[PDB]
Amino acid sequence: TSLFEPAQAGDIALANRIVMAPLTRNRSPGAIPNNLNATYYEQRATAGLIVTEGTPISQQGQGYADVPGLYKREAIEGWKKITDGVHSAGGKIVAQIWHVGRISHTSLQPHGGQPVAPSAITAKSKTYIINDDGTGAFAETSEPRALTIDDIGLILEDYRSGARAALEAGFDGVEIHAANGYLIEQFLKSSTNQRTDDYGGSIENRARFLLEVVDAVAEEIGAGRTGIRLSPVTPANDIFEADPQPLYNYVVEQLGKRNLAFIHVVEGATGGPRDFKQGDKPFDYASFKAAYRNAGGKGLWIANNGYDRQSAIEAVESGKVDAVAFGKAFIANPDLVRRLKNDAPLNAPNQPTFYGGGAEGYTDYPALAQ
C-alpha cells in the first residue's frame, strides 16, 4: 500500500492517502465562509481528503473568533461554494463539526453566557478573540457551567442539524471533532469530568456522550460518511487522563461496531512530541488500533502529528496506518501532494499568520514552478 495510491473511507473514495488536517485559520468573520476561504480550499484540492477547519454546530459551541460555523443559512451557502470548488478540482472534503465546550469566552457566547462543559472546571487555556478595533488577541477562557441532561439533549440536536447542514452544503461527509480537549473529550477524560450521573465515573459513562454524538450524526447522514477525530494522550487545552488505554480501547471497540468511514488519530501531543504520555504507562497505539479492527472496524485509519514525507511513506507501506494527515505542511504547501510525489522541497510555514488576518500567509503560499 502506497501513500500516493487511492483509498476508500466508508462511502467516500479518495484519489490518494495524503490528507489535509483540520486547521483553524480564523478568517470567516460572522461565522460565514467567504470567497477567500473558497480560494484557500480550492488550492489544496489535490489532497485525497480535506478535513475543514473546526466548524461549530452552534454559537454555544464556538470558542474562537471569526470561525465559520454550520448554524447559519448564510454559512451553509458559503460552504457550498467551498465544496463545489474542491469537487471541481476533483478533490474530496469533510466538515469537522465542532463543539469547544469549556474552551471559549463569554464574549463569543450567546447572552455573554458561561461556556458549557460536563463539569464546572475552568481550563487554563486561551482563545482567539477580536477587539473592537480589529486587532486579534489571545485571552483566558471563561468559567464554564455544568451541563444538565436537557442541555445535552439540545447539543445532540445541534449535532444532527450540523450534520444535516454539512450534507446540504455539499460535503462528502463529516469528521466529528472528539479531540484536543474540546467538549466530547471533556466528557471522556477524568480531569474534566467529575459528574456523578450517567455521564460520569466509569469508562462506559464517560464515553456515553461521544457515542451519542456518533450515533446521532451517523443516523442523520449515514455511518458510511461519518468519521471522528481522537487524540488519546494530548495535553491540548489543559486536559489530562491517567488511564488512556482502557478508556480509548473501549471507545474504538464501540466505534468498531458502527460501520464508520474513518478514524483520525492524533498521535502524541497535538503539534508536540509523538511519544508523549499521560499517566504511568506509555500509550499502545498498536493495541488501540487492534481493539478497533478486532471489534469489526473497517474505517480508514488516518494518522496525524509530526509526520514528514519519509515517515508518511513508511507508515503507510508498513500498514500501521492507511493514510496520513498533514497540518502545518498543508498550510505552507497548497501543492503538498505534488511535492511529496516528486520529492520536491517544501515551503516553511509562517506561524505568525496561522490565525486571523487576510490573504497573507493563507492563500499566498506558492505552488511549485510549473
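Don't overthink the numbering: it's just position in the shown sequence, from 1.
Legend: mean Cα B-factor per stretch from the PDB entry, 120-128 versus 284-292; the higher mean is in 120-128. The deposited model assigns a higher average Cα B-factor to 338-346 than to the other stretch when 32-40 and 338-346 are compared.
Across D150, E175, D215, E253, the entry's maximum B-factor at the CA atom is seen for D150. Comparing the listed residues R208, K72, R102, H87, the entry records the largest Cα B-factor for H87. When the modelled residues of the chain are ordered by their C-alpha B factor, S58 lands in the lowest third. When the modelled residues of the chain are ordered by C-alpha B-factor, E220 sits in the highest third. For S311, the recorded CA B-factor ranks within the highest third of the chain. Only modelled residues enter the ranking. In this PDB entry, the Cα temperature factor of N305 sits in the middle third of its chain's modelled residues. For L49, the recorded CA B-factor ranks within the middle third of the chain. Only modelled residues enter the ranking.
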